[PDB]
Structures are given as structure tokens and as C-alpha cells.
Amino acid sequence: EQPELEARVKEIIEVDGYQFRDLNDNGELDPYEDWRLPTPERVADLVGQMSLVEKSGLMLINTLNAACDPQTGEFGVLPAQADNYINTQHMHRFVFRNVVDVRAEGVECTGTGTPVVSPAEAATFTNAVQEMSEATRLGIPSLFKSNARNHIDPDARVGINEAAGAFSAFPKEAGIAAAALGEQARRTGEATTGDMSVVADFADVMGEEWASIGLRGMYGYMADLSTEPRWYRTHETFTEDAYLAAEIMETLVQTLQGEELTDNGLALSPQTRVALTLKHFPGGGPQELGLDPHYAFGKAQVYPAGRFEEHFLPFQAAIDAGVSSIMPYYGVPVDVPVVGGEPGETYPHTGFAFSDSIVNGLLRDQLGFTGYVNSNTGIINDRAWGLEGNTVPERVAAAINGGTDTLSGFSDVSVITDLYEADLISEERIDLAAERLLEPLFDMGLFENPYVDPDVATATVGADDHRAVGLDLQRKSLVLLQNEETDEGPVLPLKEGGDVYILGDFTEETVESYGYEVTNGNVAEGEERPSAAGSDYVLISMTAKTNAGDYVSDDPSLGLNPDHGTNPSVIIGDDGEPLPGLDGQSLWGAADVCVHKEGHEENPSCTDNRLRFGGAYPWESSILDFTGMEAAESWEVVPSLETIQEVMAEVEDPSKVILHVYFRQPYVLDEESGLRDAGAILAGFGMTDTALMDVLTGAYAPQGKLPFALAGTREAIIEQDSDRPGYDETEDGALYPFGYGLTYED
């Protein structure tokens, strides 16, 4: 019965043979401090005791990184704006964005940048914040959220962490789904919804580790579906399939949040290791032409196969399991029938984050949701699609009244009060937000004990057993797409010994240690590449990435160059008039406010410039084939297809070539490229070379299955339905279907 308490500022008081934390220092025990009451009473006691500014401070969530003092050499101390946020803005929600790792030899505090922090330093920092948060008048604790931390960067495989001090490395989201499908297939012969014991294994490690540093919240995971392969965010999606996606969100929510649901229907208890903020509701996947609504040319989400409801299925599974919070997306649902509405009705052509239809209607009224909504970061001011002319206060008001409870990237309470004083937001609405936002903190036990032992984080983050679990999923995520049968047998597994030529991110000594003489075809562009003739095997680690850093919306060379074509997207506004740039006939940069200059500001800045969040030049977003990407402006194939093609010809039989492809997006192995001529082709999703060599040499056999289908032609890419998985409705069809994957047979 008696909860474990820890108080660092306020004092512990006894009542009825029990201890409680006197958070408001009034000397006696308030209901909101009485852990014996149900949470609805503790919230009501607390909301009533709260000033309006304090209640408004709960509607703010912004970055609060750990810092280092350049004068003590101590890492993981409070940053500068910490005092402000907690004591002045009364914030209690932050995003923690330091890399947690063991710092290199010789790394000092630069006073600038975001320092890498150790597990014990990170927890010392979050503890420091909780101690400050406890010094507040009422003493409300803080909650930290963060983006994913346990996934390998398939672009930085050399520095994958194989030691303690860093979060255990697992494959990317899709690789986890690849492992779950392959583990189901291995056990049953079916590859449909997956074997979620994999997902629970991963999520159980992520939970212990995140919790051990006092990071009890997540911006994620992503429930978006990779139904549109030209979307650049497919690298953070688990699958294209809504059903597998739904089973994964369920398991994630159960594992990370717990299976004990409150009366309010939320998986929130003191054993809740990480409360999820699932994103991006009601599904961010079906982007028209794959263009992302971070950008003015990409505001549109279209549903040609009428799958709006499938895309939010994973969200309903997570809601039903009790997901704590939801973040909407900022794309615009184009001509989408209202769920549960009367015939002919469609959702407003406004960004989801501003539609009461979507965040109050669909989310809370049609689906079960009973938690709080967290907005996206950096969208209110510059990306309130369908509200171009509105002022910034009008936009914040729209999102708030539309159902958003806390504002991401916001750290000035004045904003909320200014809108309340301007009568665009009721104090009733504020109180509602405050009740939704305090509920998890009570239920998670942060009002009794919000601290962590930093010595224990050291022993937890990247423990040997956690890393082993990570490495298990790494090996199970590898999908073997092609394995030629030669006269002497199948290309994989490799024979013992031999001369190996490597191209791409490969750790030579790791490959060498499996018993191979290795030649390294990786040379600085000045130096000369050794030839691959006479190699017994060729290992190529390839991917594709965008170099669109040069895009500018209003330059007639790029964004406004008629030679680049027109934006086919059409979004008819509220009024019956097309949105600027989105009439179907406009130049690509035409939708950027720096062009149409709509809004209460005369000289706005380009919102799309540099394409900083990712994605190709919009006129190049369908170039997903490797021959096309080689020749494109904003696409780079790594290593160059020129070099890979030179190499596959220096070698006698292209059957000795083994391609390890990171399909960051569903890239197309076009016939012209010649890659299909490789003897073996694998889709990798983030693994160490130990994991890769373990499979390639036959210590373990491949068993992953594709969590999304791959096309063989660019036409299939243009024709597929942005909201529909696979390529079966296209004239060329799939190269490999969803759920495909070979294994060895001896």
C-alpha cells in the first residue's frame, strides 16, 4: 500500500500511519497529495488550487537538454533556460535530445552544442530538473519525452554501439517488423500480422533503459503506414500494412505502458516505464506524390483507395490499449468522408492539427480516446495549412479549441494567457487541458516519487543482456531477397575463406575476422580504386539519400522554374477557391508563403527552403529507381551506381556480388541498373557487421520478411495508390511482395 517516496526540496508528512509529500508546503495533507484518493480527486484538488498561468504552463512542451559546465568539466547539469521554464513559465513537459553515450577520449565541454551524456549523467540531469520542478509552489513534477533512441542509423553502421553507456542498438522500425513477420513465418508458415514476442522483447529493453534515466515519455512511436513509398518518412515506419501495424502498436503500448488500465481507460500506473505519444494521427502515410506536409507543396493527403479508415486502425489499437497521448499530423485530408457523419460530409481541408473534426470529433468522439493531445513541433506558426491568412494567435487558438492540449516547441506561457485574455480560449478549455495533462503524472506515480538512481542507469543502459537482445533482432530483421543457385550451389552462405572485395559501410577487420582476405574498394575520390577482378565474393553495402539542401521556393532556377513542371496537387479551400500553389497548375514553389505572401505579414520567409526535414526536390519525389537516382539532382546513390557498376563488371561473374541494400524508402531495383544481376540481394534495416557476417557466413540463417512490398519499375511507383499498400493495382506489379523473404536450406 505505502508508496516509495523521495523528496528533495519539500518535506514528507505523516497522516494515519502513512507518509505523503507536502508539495505545497502548507503544513498539512491536501487531496492532490493524498495518494490514497483516486486520480480524478487528486487532479480536481490540484486544478482548483492552481493559478491560470500555472495551468497554462502545462500547455507547453519544449526542449530542455542537459548541459555541461565548461568551468567544472561536469556534464549533465541544468542548461540556461532551465530556471526560466520551470520557475517562470511553470512548464512541466520537456523534450530531451542529447545523445546518451560514452564520450570519446579527449572530448571537452565546448560551452556550445548539445553534449553527449552518460546514463548516469543523463539521469543526474533529469533528476536535477525534477528537484527544481519540486521546488515550485505546488511542486508538480516534470515529464521528459524524446524521439526514438534504440535504432541503428543504417548510415552510421561503423559507430553502432556494441558496449555499455549507450542505448541498446536494434534495427530500424521496419527491421523490427521484418523480424516479427519472419519469426511468425518461421513458426507457422504465415506472414501477415507478425510474431509480437519480438516486438515485446525489443520494447521491454527500451523500457527498462529509458526509465532508468528518468525519461518516461516518447514522441512516438510512429503508427504511420508506408503505403506511399515516395514519402521520405517511410524510414521511420514499421510497415505498409495497417494490420501488422496495429498489432505492433498494441504490443508496444502494452509493453512500454503496461497492461493495467485505469478507470479512464489509460495504461498508466507506477510501473509504466514509458508513456507513448503516438504519432501522427490519424495516419501520416498517404502523402500525395510522397510530398511531406512539412512543406507548402505537400499539404495534401489523398486516399484514392478510400483507406482513410485503415490508416487510423493502428491508432485505434493503441488507443484501446490505453496509449497516453496522441500527436496529430499537419497534412490536409482531401475529400475524405467524415467518420460517423451524415452522407456527403467531408473533413475540412485544414491540417489535422487544426480540425476540431479530427482531434475532437474523430479522435475523442468516434474512437475511444481519453488522453491528451500533444501538437507537432514547429507547425503552428509556419505550417497551419488551410489557415494561411490567419494570425498566429488565431492558429494557436484553432489548435487548442480543436483539441490540442499542449504546444510543442512553446516555452512562453504569455502566449496562452494572451489568447485567454483575448477570449479565443475559454478558461474552461484550459482547465480541461490541465486535467488531461496532469492525469498521467498522477497515475505514473511521479507525484509520489519522480527521481531515479543514477548509479543504476549505468548498470542498465546497454547492459550485455540488453545488447544481445538487440543483436538478436538485428539478425532476424535481415531479409534475403535473392540467392542465386550456381553450379557450385547457392551464393549464400559464403564458403569458408576467400578474397572479398568490400564497397560501402563495411568494417574490414570484422569481415576479415571471419576468415577472408579483404580488399577495400573504398577510396577518397582523389585516390584510385583497386580492382575487384579475381575476388571470390563482392560485398556491396548500398543505399540512396537525398541532397536537396539547395532547394529554394522562389528562385526561378529551382522552386519557380517552369522547366521543372507543375504541382499536380489540388486543394480546394474552405471558400471554394484553391489554396495558393495547389490549384493543379502552379509552380512547385508557388505554395510557399514567401510567394503567395498570404497572411497578416507582408514580407514572409520561405518555409520550404533547404528542405531541412528531408525529402527530394518535389519534381524528383517519384525517382526511386537506382538508375534514375544516379542521374537526379536531389538524389545520391551511396556508393555511386557508377562505381557499383564498374565493380560488378571488374568481377568475372556478377553472381559473386552480394548487395546489402538499406531500402530507406522502397527503392526500385530497375532492370537497367544491372543490380538484379547480383548473386544475392538482401534488404538490411540497421545491423552491425557482426550481425551481417553472422548471417552471411551461415552461423545464423536469414528469416526476415519484407514489411512492405518493393516495385521493379518506376511506373509502378507513379501508379500505386498513396493510401493503399503494395503494387497489385499497378500494371507492372511488385518486384517482391509484402511478407517475402528467403532462407537457407541445407
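So that there is no doubt, residue numbering starts at 1 and follows the sequence shown.
Stretches compared: 489-497, 150-158. Higher mean C-alpha B-factor in the entry: 150-158. Looking at mean Cα B-factors across 115-123 and 226-234, the upper value is held by 115-123.
The entry assigns its greatest Cα B factor, within the set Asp195, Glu602, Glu240, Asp625, to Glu602.
Out of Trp619, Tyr667, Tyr303, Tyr451, it is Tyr451 whose C-alpha atom has the highest B-factor in the PDB entry. When the CA B factors of the chain's modelled residues are split into thirds, the value for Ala691 lands in the lowest one. For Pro568, the recorded CA B-factor ranks within the middle third of the chain. Only modelled residues enter the ranking. Annotation for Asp22: C-alpha temperature factor in the highest third relative to the rest of the modelled chain, per the entry. Among the modelled residues of the chain, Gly361 sits in the middle third by CA temperature factor in this PDB entry. Annotation for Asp723: C-alpha temperature factor in the lowest third relative to the rest of the modelled chain, per the entry.
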